>>> print(open('model.cif').read())   # mmCIF, C-alpha atoms and all ligand atoms
data_protein
#
loop_
_atom_site.label_atom_id
_atom_site.label_comp_id
_atom_site.auth_asym_id
_atom_site.auth_seq_id
_atom_site.Cartn_x
_atom_site.Cartn_y
_atom_site.Cartn_z
CA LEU A 10 144.67 83.60 136.58
CA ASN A 11 145.32 80.07 135.15
CA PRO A 12 149.13 80.23 135.59
CA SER A 13 149.48 76.60 134.40
CA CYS A 14 148.03 77.74 131.03
CA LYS A 15 145.98 74.56 130.78
CA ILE A 16 143.03 74.29 128.40
CA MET A 17 139.80 74.98 130.32
CA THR A 18 136.43 73.40 129.65
CA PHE A 19 133.29 75.39 130.44
CA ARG A 20 129.81 73.99 131.05
CA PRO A 21 127.42 76.98 131.15
CA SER A 22 123.84 76.78 132.30
CA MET A 23 121.30 77.94 129.73
CA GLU A 24 121.05 81.27 131.62
CA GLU A 25 124.81 81.72 131.29
CA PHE A 26 124.93 80.47 127.72
CA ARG A 27 122.41 82.89 126.22
CA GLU A 28 124.85 85.84 125.81
CA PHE A 29 128.07 84.86 123.99
CA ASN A 30 129.87 88.18 124.49
CA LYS A 31 129.26 88.22 128.27
CA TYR A 32 130.27 84.57 128.57
CA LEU A 33 133.52 85.09 126.66
CA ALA A 34 134.37 87.93 129.07
CA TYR A 35 133.68 85.51 131.94
CA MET A 36 135.94 82.86 130.36
CA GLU A 37 138.82 85.32 130.10
CA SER A 38 138.22 86.51 133.66
CA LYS A 39 139.04 82.93 134.70
CA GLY A 40 142.21 82.99 132.56
CA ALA A 41 140.95 80.73 129.75
CA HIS A 42 142.88 82.69 127.09
CA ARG A 43 146.24 81.84 128.68
CA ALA A 44 145.97 78.33 127.18
CA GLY A 45 145.29 79.62 123.63
CA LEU A 46 142.25 77.37 123.31
CA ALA A 47 139.13 76.68 125.42
CA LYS A 48 136.18 74.28 125.12
CA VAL A 49 132.55 75.27 125.72
CA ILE A 50 129.93 72.54 126.10
CA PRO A 51 126.45 74.03 125.54
CA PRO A 52 123.55 72.97 127.75
CA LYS A 53 122.05 69.76 126.43
CA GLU A 54 118.71 71.39 125.56
CA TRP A 55 120.31 73.75 123.02
CA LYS A 56 120.30 72.70 119.35
CA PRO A 57 121.45 74.93 116.45
CA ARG A 58 119.87 72.61 113.86
CA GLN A 59 116.88 70.32 114.31
CA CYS A 60 117.83 67.89 111.52
CA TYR A 61 121.05 67.47 109.49
CA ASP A 62 119.67 65.05 106.85
CA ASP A 63 119.54 67.66 104.06
CA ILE A 64 123.25 68.46 104.51
CA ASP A 65 123.90 65.24 102.54
CA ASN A 66 122.86 67.14 99.41
CA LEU A 67 125.38 69.94 99.89
CA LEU A 68 128.00 70.05 97.14
CA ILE A 69 131.64 70.29 98.20
CA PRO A 70 133.06 72.34 95.28
CA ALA A 71 136.79 71.58 95.65
CA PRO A 72 137.66 68.61 97.88
CA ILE A 73 141.38 68.58 98.79
CA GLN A 74 143.63 65.51 98.86
CA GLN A 75 146.19 66.17 101.59
CA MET A 76 149.73 65.09 100.59
CA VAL A 77 152.04 64.91 103.63
CA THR A 78 155.84 64.42 103.34
CA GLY A 79 158.41 64.01 106.07
CA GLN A 80 159.47 61.84 109.00
CA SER A 81 160.42 61.92 112.66
CA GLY A 82 157.47 64.10 113.70
CA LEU A 83 158.23 66.85 111.14
CA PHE A 84 156.18 67.16 107.96
CA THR A 85 155.10 69.60 105.26
CA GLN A 86 151.86 69.26 103.25
CA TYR A 87 150.62 70.23 99.87
CA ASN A 88 147.19 69.96 98.33
CA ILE A 89 145.80 68.20 95.27
CA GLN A 90 142.36 69.37 94.15
CA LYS A 91 139.70 66.75 93.42
CA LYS A 92 136.48 67.08 91.45
CA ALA A 93 133.42 68.31 93.34
CA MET A 94 131.36 65.78 95.28
CA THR A 95 128.32 65.89 97.55
CA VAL A 96 128.54 65.48 101.31
CA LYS A 97 126.80 62.12 100.88
CA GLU A 98 129.48 60.95 98.45
CA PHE A 99 132.19 62.29 100.76
CA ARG A 100 130.71 60.47 103.76
CA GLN A 101 130.57 57.19 101.81
CA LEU A 102 134.22 57.69 100.84
CA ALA A 103 135.25 58.53 104.42
CA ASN A 104 133.56 55.37 105.74
CA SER A 105 135.14 53.11 103.10
CA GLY A 106 137.86 50.67 104.16
CA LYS A 107 140.56 52.80 102.49
CA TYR A 108 139.70 55.96 104.47
CA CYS A 109 137.85 54.94 107.63
CA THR A 110 139.06 55.46 111.20
CA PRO A 111 141.26 52.54 112.36
CA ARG A 112 140.25 50.40 115.31
CA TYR A 113 141.61 52.01 118.46
CA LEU A 114 141.51 51.60 122.22
CA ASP A 115 141.24 55.23 123.42
CA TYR A 116 142.01 58.74 122.17
CA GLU A 117 145.70 58.42 123.08
CA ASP A 118 145.96 55.23 121.02
CA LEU A 119 144.24 56.93 118.07
CA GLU A 120 146.64 59.88 118.38
CA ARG A 121 149.57 57.47 118.14
CA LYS A 122 148.06 55.93 115.02
CA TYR A 123 147.57 59.39 113.47
CA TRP A 124 151.24 60.28 113.78
CA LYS A 125 152.40 56.83 112.65
CA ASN A 126 150.22 56.69 109.50
CA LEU A 127 150.39 60.26 108.14
CA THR A 128 152.52 59.30 105.12
CA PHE A 129 150.52 56.34 103.79
CA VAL A 130 147.07 56.90 102.23
CA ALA A 131 146.34 60.57 101.57
CA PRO A 132 143.00 61.64 103.11
CA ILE A 133 140.54 64.09 101.58
CA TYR A 134 138.74 67.05 103.16
CA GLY A 135 136.44 69.96 102.30
CA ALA A 136 137.30 73.39 103.67
CA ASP A 137 136.57 77.12 103.48
CA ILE A 138 133.07 76.44 102.14
CA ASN A 139 131.04 79.65 102.52
CA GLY A 140 127.96 79.32 104.67
CA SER A 141 126.28 78.46 107.96
CA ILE A 142 124.09 75.45 108.62
CA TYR A 143 122.40 76.77 111.74
CA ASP A 144 118.63 76.87 111.49
CA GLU A 145 117.11 80.27 110.91
CA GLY A 146 116.23 82.12 114.11
CA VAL A 147 118.87 80.59 116.42
CA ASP A 148 119.94 83.58 118.52
CA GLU A 149 122.52 82.04 120.90
CA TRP A 150 126.13 81.58 119.81
CA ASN A 151 125.22 82.11 116.16
CA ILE A 152 128.59 81.94 114.40
CA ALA A 153 127.22 83.98 111.50
CA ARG A 154 126.31 86.98 113.72
CA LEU A 155 128.35 87.13 116.96
CA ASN A 156 128.26 90.96 117.20
CA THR A 157 131.89 91.55 118.09
CA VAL A 158 134.24 94.47 117.44
CA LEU A 159 134.78 93.28 113.84
CA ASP A 160 131.07 93.73 113.11
CA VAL A 161 130.97 97.13 114.79
CA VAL A 162 133.61 98.72 112.57
CA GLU A 163 132.19 97.04 109.45
CA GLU A 164 128.60 98.22 110.05
CA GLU A 165 129.18 101.59 111.75
CA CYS A 166 132.46 102.68 110.12
CA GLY A 167 132.33 101.08 106.66
CA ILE A 168 135.59 99.19 107.15
CA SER A 169 136.26 96.06 105.08
CA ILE A 170 136.75 92.94 107.21
CA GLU A 171 137.90 90.93 104.16
CA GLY A 172 135.38 88.15 104.73
CA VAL A 173 137.01 86.88 107.92
CA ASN A 174 133.86 87.38 110.03
CA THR A 175 131.61 85.14 107.88
CA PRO A 176 131.00 81.41 108.46
CA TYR A 177 132.88 78.56 106.84
CA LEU A 178 132.27 74.81 106.80
CA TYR A 179 134.88 72.06 107.12
CA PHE A 180 134.14 68.41 106.23
CA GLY A 181 136.69 66.04 107.72
CA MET A 182 137.58 62.38 107.46
CA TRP A 183 140.07 60.28 109.40
CA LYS A 184 143.62 61.69 109.44
CA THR A 185 142.77 65.02 107.81
CA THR A 186 145.01 67.63 109.32
CA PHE A 187 145.01 71.27 110.26
CA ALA A 188 148.66 72.35 110.46
CA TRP A 189 150.15 74.71 113.05
CA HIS A 190 148.86 78.28 112.83
CA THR A 191 147.41 81.31 114.50
CA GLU A 192 144.41 82.96 112.89
CA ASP A 193 144.65 85.69 110.28
CA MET A 194 145.73 88.94 112.00
CA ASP A 195 146.07 86.83 115.19
CA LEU A 196 142.27 87.01 115.60
CA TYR A 197 140.11 84.80 117.76
CA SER A 198 138.23 81.93 116.17
CA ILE A 199 135.23 79.84 117.18
CA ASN A 200 134.57 76.30 115.90
CA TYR A 201 131.36 74.31 116.40
CA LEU A 202 131.39 70.59 115.60
CA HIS A 203 127.90 70.05 114.15
CA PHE A 204 128.03 66.24 113.73
CA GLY A 205 130.22 63.20 113.18
CA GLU A 206 133.43 61.97 114.73
CA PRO A 207 135.64 64.03 117.08
CA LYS A 208 138.35 66.55 116.29
CA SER A 209 141.57 66.54 118.31
CA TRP A 210 143.39 69.82 119.02
CA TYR A 211 146.86 70.86 120.16
CA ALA A 212 147.43 74.34 121.53
CA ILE A 213 150.44 76.36 122.61
CA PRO A 214 149.88 79.17 125.19
CA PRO A 215 150.23 82.61 123.55
CA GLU A 216 152.99 83.45 126.06
CA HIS A 217 155.03 80.63 124.50
CA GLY A 218 154.06 81.15 120.85
CA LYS A 219 157.45 82.63 119.95
CA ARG A 220 159.07 79.37 121.07
CA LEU A 221 157.02 77.43 118.51
CA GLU A 222 158.03 79.92 115.83
CA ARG A 223 161.74 79.59 116.68
CA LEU A 224 161.52 75.80 116.74
CA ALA A 225 159.78 75.75 113.35
CA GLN A 226 162.34 78.16 111.91
CA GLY A 227 165.12 75.80 113.01
CA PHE A 228 163.47 72.73 111.50
CA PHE A 229 162.17 74.35 108.29
CA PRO A 230 164.90 76.89 107.47
CA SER A 231 164.06 76.92 103.76
CA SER A 232 160.40 77.69 104.56
CA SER A 233 161.58 80.39 106.96
CA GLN A 234 163.92 82.02 104.44
CA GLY A 235 161.04 82.31 101.96
CA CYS A 236 158.51 83.87 104.35
CA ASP A 237 158.95 85.45 107.79
CA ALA A 238 155.44 84.26 108.55
CA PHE A 239 155.55 80.88 106.83
CA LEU A 240 153.46 79.11 109.47
CA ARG A 241 150.54 81.16 108.11
CA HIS A 242 150.79 79.03 104.95
CA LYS A 243 149.21 76.27 107.12
CA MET A 244 151.45 73.57 105.67
CA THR A 245 153.74 72.78 108.65
CA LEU A 246 153.18 69.78 110.95
CA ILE A 247 155.09 69.20 114.20
CA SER A 248 154.20 66.25 116.46
CA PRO A 249 153.77 66.47 120.24
CA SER A 250 156.81 64.16 120.58
CA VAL A 251 158.97 66.87 119.02
CA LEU A 252 157.33 69.55 121.22
CA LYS A 253 158.03 67.41 124.30
CA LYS A 254 161.63 66.78 123.26
CA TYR A 255 162.36 70.51 122.92
CA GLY A 256 160.36 71.54 126.00
CA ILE A 257 157.72 73.63 124.21
CA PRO A 258 154.67 73.90 126.52
CA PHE A 259 151.44 72.66 124.96
CA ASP A 260 148.16 70.96 125.80
CA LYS A 261 145.77 68.73 123.88
CA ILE A 262 142.02 68.24 123.94
CA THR A 263 139.40 66.39 121.92
CA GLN A 264 136.26 68.18 120.72
CA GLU A 265 133.15 65.99 120.47
CA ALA A 266 130.10 66.62 118.36
CA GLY A 267 128.01 69.46 119.76
CA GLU A 268 130.95 71.23 121.42
CA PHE A 269 132.52 74.62 120.71
CA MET A 270 136.24 75.39 120.65
CA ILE A 271 137.43 79.00 120.96
CA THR A 272 140.95 79.95 119.96
CA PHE A 273 142.44 83.10 121.38
CA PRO A 274 144.72 85.75 119.85
CA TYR A 275 148.20 84.39 119.03
CA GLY A 276 147.15 80.90 120.25
CA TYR A 277 148.97 78.45 117.96
CA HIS A 278 146.88 75.35 117.30
CA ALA A 279 146.93 72.23 115.10
CA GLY A 280 145.02 68.99 115.04
CA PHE A 281 143.27 66.26 113.13
CA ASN A 282 139.86 64.75 112.50
CA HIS A 283 138.97 61.31 113.86
CA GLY A 284 136.52 60.37 111.12
CA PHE A 285 133.74 61.85 109.00
CA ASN A 286 132.56 65.10 110.57
CA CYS A 287 131.28 68.60 109.86
CA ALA A 288 132.38 71.79 111.63
CA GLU A 289 131.49 75.47 111.22
CA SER A 290 133.95 78.23 112.07
CA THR A 291 134.54 81.99 111.92
CA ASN A 292 136.95 84.66 113.17
CA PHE A 293 136.05 87.41 115.62
CA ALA A 294 137.71 90.07 117.78
CA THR A 295 137.46 91.81 121.15
CA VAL A 296 139.11 94.97 122.33
CA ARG A 297 141.84 92.84 123.90
CA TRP A 298 142.71 91.63 120.38
CA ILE A 299 143.64 95.13 119.12
CA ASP A 300 147.15 95.12 120.59
CA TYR A 301 147.76 91.71 118.97
CA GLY A 302 146.51 92.91 115.60
CA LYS A 303 148.82 95.94 115.73
CA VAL A 304 151.85 93.65 116.15
CA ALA A 305 150.83 90.63 114.04
CA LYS A 306 153.63 89.28 111.87
CA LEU A 307 152.17 89.15 108.36
CA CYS A 308 152.77 86.86 105.40
CA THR A 309 155.54 88.37 103.29
CA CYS A 310 155.52 86.30 100.17
CA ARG A 311 152.02 86.15 98.66
CA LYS A 312 150.10 89.28 97.82
CA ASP A 313 146.48 88.25 98.50
CA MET A 314 146.89 87.24 102.17
CA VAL A 315 144.28 88.65 104.54
CA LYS A 316 145.25 92.07 105.83
CA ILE A 317 143.02 94.28 107.96
CA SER A 318 144.02 97.88 108.54
CA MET A 319 144.29 98.47 112.29
CA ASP A 320 143.79 102.24 112.10
CA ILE A 321 140.04 102.22 112.85
CA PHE A 322 140.44 99.94 115.90
CA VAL A 323 143.14 102.11 117.46
CA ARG A 324 141.23 105.31 116.67
CA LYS A 325 137.95 104.19 118.13
CA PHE A 326 138.97 101.92 121.01
CA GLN A 327 142.45 103.23 121.93
CA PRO A 328 141.98 106.99 121.47
CA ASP A 329 144.67 107.88 124.04
CA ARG A 330 147.25 105.89 122.04
CA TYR A 331 146.13 106.70 118.48
CA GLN A 332 148.41 109.62 117.63
CA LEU A 333 151.36 107.94 119.38
CA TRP A 334 150.71 104.79 117.35
CA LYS A 335 150.61 106.69 114.05
CA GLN A 336 153.82 108.45 115.11
CA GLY A 337 155.42 105.01 115.41
CA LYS A 338 155.91 105.58 119.14
CA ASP A 339 153.31 103.16 120.60
CA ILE A 340 155.91 100.56 121.60
CA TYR A 341 154.92 97.82 124.04
CA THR A 342 155.26 94.18 124.96
CA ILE A 343 151.96 92.32 125.10
CA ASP A 344 151.09 90.80 128.49
CA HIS A 345 149.33 87.59 127.46
CA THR A 346 148.15 86.94 131.04
CA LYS A 347 146.04 90.13 130.99
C1 LIG A 401 141.08 69.51 107.60
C2 LIG A 401 140.01 70.58 107.44
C3 LIG A 401 140.20 71.55 108.59
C4 LIG A 401 141.01 72.80 108.47
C5 LIG A 401 141.68 73.11 107.15
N1 LIG A 401 141.14 73.62 109.54
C6 LIG A 401 140.52 73.27 110.71
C7 LIG A 401 140.43 73.89 111.96
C8 LIG A 401 141.09 74.98 112.35
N2 LIG A 401 141.79 75.87 112.70
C9 LIG A 401 139.67 73.13 112.86
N3 LIG A 401 139.24 72.05 112.14
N4 LIG A 401 139.77 72.20 110.86
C10 LIG A 401 139.59 71.28 109.89
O1 LIG A 401 138.86 70.25 110.08
CL CL A 402 142.26 49.23 111.48
CL CL A 403 145.44 54.62 109.87
CL CL A 404 155.67 81.90 111.14
CL CL A 405 137.70 80.02 110.11
NI NI A 406 142.51 77.91 113.30
ZN ZN A 407 154.11 83.81 103.23
#
>>> encode(input="model.cif", output="structure tokens", more="lines below")
Ligand SMILES: CCc1c(C)nc2c(C#N)c[nH]n2c1=O
Ligand SMILES: [Cl-]
Ligand SMILES: [Cl-]
Ligand SMILES: [Cl-]
Ligand SMILES: [Cl-]
Ligand code: NI
Ligand SMILES: [Zn+2]
Amino acid sequence: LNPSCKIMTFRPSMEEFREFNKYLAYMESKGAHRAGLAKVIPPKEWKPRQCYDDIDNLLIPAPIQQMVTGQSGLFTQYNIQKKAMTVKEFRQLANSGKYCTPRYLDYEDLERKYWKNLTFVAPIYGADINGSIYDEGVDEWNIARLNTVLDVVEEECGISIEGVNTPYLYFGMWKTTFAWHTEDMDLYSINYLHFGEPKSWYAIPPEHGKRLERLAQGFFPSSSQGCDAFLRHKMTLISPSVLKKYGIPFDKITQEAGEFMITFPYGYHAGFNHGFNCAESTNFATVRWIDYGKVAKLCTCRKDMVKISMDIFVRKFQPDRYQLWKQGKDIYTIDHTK
């Protein structure tokens, strides 16, 4: 039941690893979702790509320079768009003295340096690049074709998933940040770190996610006035020192190359890259997600934010609740421990 809500790490055998959907069910049966985030280390024999050398030639169309402002563990970011550059050029930039990882003793030391140096040199990243870099034919844990409930309603029912169930690439360098957020529509996500330096993650248990929202609303009241769901803008940073000071439960873990991270519905997460790296990610859903999607607090202020109609999911997977839901009478409190 994982009542401590701590981030679990799973080490499946190849036999266990072959079927992603069965293994995810197993992870939740052990309470992994209560932490908001879990790590899966594949068996050492498994490789999604035999050789990454040709990824050097991949063009990053719109590299982003991350501009962070603030102090005392509380920051907002904005983005400056740079001219396109290849992965090779990006790697050379990341490894240059201006941008490279500092010397550090251990991951805790590096974390301290991250939070102390956020407002000096602005790092650069590539994100939301369409595509997968798995080899063709890889049938296990293939982020481009996970066969979850999102794919069912798209293929069988003709429902638009708004591109959320397709793969994206992220190229990181030292100090590049992903700000606090849940996924679009409070979906799951899966993240594979193909190569390079690690990625550190913070996660808040879903059963405490409202506490993070209230804390952020108190510290960013202008942001909050402008959008009920302003954390979805992915521009808000809050250090673990601030979380500790206000008693918000959280956990932290570092993802190494070759490891998966799964985020769970309404699992707030944030983090940073240690150095040059490449990750691939997508969103997905299970039936347990549907009650989260029905209640997800959506971005008020900008018109093109991702919105998936929940009607098909209730109709097909919650038939006994469908008419009550459309009546506006399907009122409930989610039990995150279930
Ligand atoms: C800094 C690039 C980047 C972004 C924007 N988002 C994430 C992410 C999530 N969620 C996990 N890594 N990651 C990134 O590296
Ligand atoms: Cl240094
Ligand atoms: Cl630094
Ligand atoms: Cl929010
Ligand atoms: Cl994603
Ligand atoms: Ni995310
Ligand atoms: Zn908004």
>>> residues_around(input="model.cif", residues="residue 298 of chain A", least_positions_apart="5", cutoff="9 Å", atoms="all atoms listed in the file", output="tab-separated table (two decimals) with C-alpha atoms, keeping the file's coordinate frame")
chain	number	residue	atom	x	y	z
A	195	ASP	CA	146.07	86.83	115.19
A	196	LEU	CA	142.27	87.01	115.60
A	197	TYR	CA	140.11	84.80	117.76
A	273	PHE	CA	142.44	83.10	121.38
A	274	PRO	CA	144.72	85.75	119.85
A	303	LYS	CA	148.82	95.94	115.73
>>> residues_near_ligand(input="model.cif", ligand="ligand CL 402 (chain A)", cutoff="12 Å", atoms="all atoms listed in the file", output="list in words")
residues 105, 106, 107, 108, 109, 110, 111, 112, 113, 114, 118, 119, 122, 123, 126 and 183 of chain A
>>> write_last_selection(input="model.cif", atoms="C-alpha atoms", output="mmCIF file, keeping the file's coordinate frame")
data_model
loop_
_atom_site.group_PDB
_atom_site.id
_atom_site.type_symbol
_atom_site.label_atom_id
_atom_site.label_comp_id
_atom_site.auth_asym_id
_atom_site.auth_seq_id
_atom_site.Cartn_x
_atom_site.Cartn_y
_atom_site.Cartn_z
ATOM 1 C CA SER A 105 135.140 53.110 103.100
ATOM 2 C CA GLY A 106 137.860 50.670 104.160
ATOM 3 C CA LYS A 107 140.560 52.800 102.490
ATOM 4 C CA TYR A 108 139.700 55.960 104.470
ATOM 5 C CA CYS A 109 137.850 54.940 107.630
ATOM 6 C CA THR A 110 139.060 55.460 111.200
ATOM 7 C CA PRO A 111 141.260 52.540 112.360
ATOM 8 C CA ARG A 112 140.250 50.400 115.310
ATOM 9 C CA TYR A 113 141.610 52.010 118.460
ATOM 10 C CA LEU A 114 141.510 51.600 122.220
ATOM 11 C CA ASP A 118 145.960 55.230 121.020
ATOM 12 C CA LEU A 119 144.240 56.930 118.070
ATOM 13 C CA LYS A 122 148.060 55.930 115.020
ATOM 14 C CA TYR A 123 147.570 59.390 113.470
ATOM 15 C CA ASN A 126 150.220 56.690 109.500
ATOM 16 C CA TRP A 183 140.070 60.280 109.400
#
>>> closest_residue(input="model.cif", among="A:266, A:38, A:324, A:57", to="residue 146 of chain A", atoms="all atoms listed in the file")
A:57
>>> closest_residue(input="model.cif", among="A:310, A:270, A:60, A:147", to="ligand CL 405 (chain A)", atoms="only C-alpha atoms and all ligand atoms")
A:270
>>> residues_near_point(input="model.cif", point="(159.7, 74.9, 124.0)", cutoff="10 Å", atoms="all atoms listed in the file", output="ChimeraX atom specification")
/A:213,217-224,251-259
>>> residues_near_ligand(input="model.cif", ligand="ligand ZN 407 (chain A)", cutoff="12 Å", atoms="only C-alpha atoms and all ligand atoms", output="list in words")
residues 193, 232, 233, 234, 235, 236, 237, 238, 239, 240, 241, 242, 243, 244, 306, 307, 308, 309, 310, 311, 312, 313, 314 and 315 of chain A
>>> residues_around(input="model.cif", residues="residue 136 of chain A", least_positions_apart="6", cutoff="9 Å", atoms="all atoms listed in the file", output="ChimeraX atom specification")
/A:69,71-73,177-181
>>> residues_near_ligand(input="model.cif", ligand="ligand LIG 401 (chain A)", cutoff="8 Å", atoms="all atoms listed in the file", output="NGL selection string")
:A and (134-137 or 179-182 or 185-188 or 190 or 192 or 198 or 200 or 208 or 210 or 278-282 or 287-288 or 290)
>>> closest_residue(input="model.cif", among="A:204, A:129, A:269, A:301", to="ligand CL 403 (chain A)", atoms="all atoms listed in the file")
A:129
>>> atom_distance(input="model.cif", atom1="atom CA of residue 43 of chain A", atom2="atom CA of residue 229 of chain A")
26.9 Å
>>> closest_residue(input="model.cif", among="A:212, A:138, A:133, A:333", to="residue 17 of chain A", atoms="only C-alpha atoms")
A:212
>>> atom_distance(input="model.cif", atom1="atom CA of residue 225 of chain A", atom2="atom CA of residue 277 of chain A")
12.1 Å
>>> residues_around(input="model.cif", residues="residue 194 of chain A", least_positions_apart="5", cutoff="7 Å", atoms="only C-alpha atoms", output="ChimeraX atom specification")
/A:302,305,316
>>> residues_around(input="model.cif", residues="residue 344 of chain A", least_positions_apart="3", cutoff="10 Å", atoms="all atoms listed in the file", output="MDAnalysis selection string")
chainID A and resid 215:216 300 341 347
>>> residues_around(input="model.cif", residues="residue 154 of chain A", least_positions_apart="5", cutoff="10 Å", atoms="only C-alpha atoms", output="number ranges by chain")
A: 148-149, 160, 174-176, 291, 293
>>> atom_distance(input="model.cif", atom1="atom CA of residue 248 of chain A", atom2="atom CA of residue 82 of chain A")
4.8 Å
>>> closest_residue(input="model.cif", among="A:247, A:283, A:226, A:330", to="ligand CL 404 (chain A)", atoms="all atoms listed in the file")
A:226
>>> closest_residue(input="model.cif", among="A:46, A:271, A:89, A:323", to="ligand CL 405 (chain A)", atoms="only C-alpha atoms and all ligand atoms")
A:271
>>> axis_aligned_box(input="model.cif", around="segment 194-208 of chain A", padding_each_side="3 Å", output="AutoDock Vina command-line options")
--center_x 137.0 --center_y 75.5 --center_z 114.9 --size_x 24.2 --size_y 33.0 --size_z 11.8
>>> residues_near_point(input="model.cif", point="(142.7, 99.0, 113.8)", cutoff="12 Å", atoms="only C-alpha atoms", output="ChimeraX atom specification")
/A:158-159,161-163,166,168-170,194,294-305,316-328,330-331,334-335
>>> decode(input="model.cif", residues="segment 96-144 of chain A", atoms="C-alpha atoms", output="short mmCIF file (atom, residue, chain, number, x, y, z; two decimals), in the first residue's frame")
data_model
loop_
_atom_site.label_atom_id
_atom_site.label_comp_id
_atom_site.auth_asym_id
_atom_site.auth_seq_id
_atom_site.Cartn_x
_atom_site.Cartn_y
_atom_site.Cartn_z
CA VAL A 96 22.67 17.93 -31.58
CA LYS A 97 26.42 17.86 -32.22
CA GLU A 98 26.62 21.65 -31.95
CA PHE A 99 24.42 21.56 -28.84
CA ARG A 100 26.63 18.92 -27.21
CA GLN A 101 29.77 20.98 -27.91
CA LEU A 102 28.05 24.01 -26.36
CA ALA A 103 26.90 22.01 -23.31
CA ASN A 104 30.44 20.72 -22.71
CA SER A 105 32.03 24.17 -23.04
CA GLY A 106 33.39 25.88 -19.92
CA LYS A 107 30.48 28.35 -19.87
CA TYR A 108 27.80 25.62 -19.77
CA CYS A 109 29.37 22.43 -18.45
CA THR A 110 28.46 20.65 -15.22
CA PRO A 111 30.45 22.04 -12.25
CA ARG A 112 32.79 19.83 -10.27
CA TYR A 113 30.80 18.19 -7.50
CA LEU A 114 31.20 15.61 -4.75
CA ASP A 115 27.88 13.72 -4.93
CA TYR A 116 24.32 14.24 -6.17
CA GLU A 117 23.36 16.20 -3.04
CA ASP A 118 26.28 18.57 -3.59
CA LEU A 119 25.28 19.04 -7.24
CA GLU A 120 21.69 19.73 -6.17
CA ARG A 121 22.95 22.48 -3.85
CA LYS A 122 24.92 23.99 -6.72
CA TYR A 123 21.85 23.89 -8.98
CA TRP A 124 19.76 25.94 -6.59
CA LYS A 125 22.60 28.36 -5.82
CA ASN A 126 23.50 29.09 -9.47
CA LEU A 127 20.09 29.28 -11.19
CA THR A 128 20.27 33.06 -11.76
CA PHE A 129 23.74 33.34 -13.31
CA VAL A 130 24.40 31.94 -16.81
CA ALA A 131 21.21 31.01 -18.64
CA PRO A 132 21.33 27.42 -19.96
CA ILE A 133 19.87 26.22 -23.25
CA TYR A 134 17.70 23.18 -23.99
CA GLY A 135 15.76 21.51 -26.80
CA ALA A 136 12.24 20.30 -26.08
CA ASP A 137 8.98 19.03 -27.58
CA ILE A 138 10.82 17.75 -30.67
CA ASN A 139 8.50 15.33 -32.48
CA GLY A 140 9.85 11.83 -32.86
CA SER A 141 11.22 8.62 -31.36
CA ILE A 142 14.79 7.41 -31.59
CA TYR A 143 14.12 3.78 -30.77
CA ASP A 144 15.31 1.37 -33.42
#
